[PDB]
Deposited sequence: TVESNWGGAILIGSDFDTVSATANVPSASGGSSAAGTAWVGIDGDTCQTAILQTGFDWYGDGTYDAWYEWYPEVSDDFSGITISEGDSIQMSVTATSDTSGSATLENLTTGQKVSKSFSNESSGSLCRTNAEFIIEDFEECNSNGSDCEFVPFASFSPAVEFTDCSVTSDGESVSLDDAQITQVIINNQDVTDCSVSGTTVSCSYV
């Protein structure tokens, strides 16, 4: 039973502009079906109408993948350093960028006139998640088995902007992934770093 599927730091506020950080790609285990994801994003917490996010997933069979969302895809390998960023120019327009830094590859997507859902620009976050896999229309969504990973996934040089001004993580709320009533992550903040160890 997955009781909490998000681990990491969440800032609450208004007019959030850009959210970005660099994260290392960990080694993962637990089987081909086990997985995990690290991403940066805007909204999705108190603002449940939309979510602008981008990041990458790791699977227990040693494979990886990158994605953005308001579509998958860059080649990702254990140890790579990935710079992730999202920008909300408005409640209905923005962009998502993912750059491997280690391989020199970079991908980006611009969004506009999004009708699927609008942003409030009130939540900024750096998250490690036990994501869901859905199918059969949408009548069946299940959390993927949570993969073990190492070393710790660290979001470094975290940056959050509001109305053009910087916002420290000083007052960010902290959450942990919790499965079968046990913390499976130990995410903590310090300076401009959000560090999440697997437990």
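Coordinate coverage of the deposited sequence breaks at 71-72, 76-80, these segments carrying no C-alpha atoms.
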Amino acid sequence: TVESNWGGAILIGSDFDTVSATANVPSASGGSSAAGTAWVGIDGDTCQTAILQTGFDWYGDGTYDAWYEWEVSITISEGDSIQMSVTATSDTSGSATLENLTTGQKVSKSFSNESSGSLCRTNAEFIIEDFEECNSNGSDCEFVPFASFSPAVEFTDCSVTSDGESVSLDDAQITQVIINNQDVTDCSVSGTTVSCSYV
From here on, numbers count along this sequence of modelled residues.
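Relative to its counterpart among 166-174 and 23-31, 166-174 has the higher mean temperature factor, C-alpha atoms as listed in the PDB entry. Across the two stretches, 87-95 and 120-128, the PDB entry reports the greater mean Cα temperature factor for 87-95. Highest C-alpha temperature factor among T49, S148, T156, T37, as the PDB entry reports it: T49. Remark: of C134, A66, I42, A152, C134 shows the highest value [criterion: C-alpha B-factor in the PDB entry]. The entry lists a Cα temperature factor for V144 that places it in the lowest third of the chain's modelled residues.
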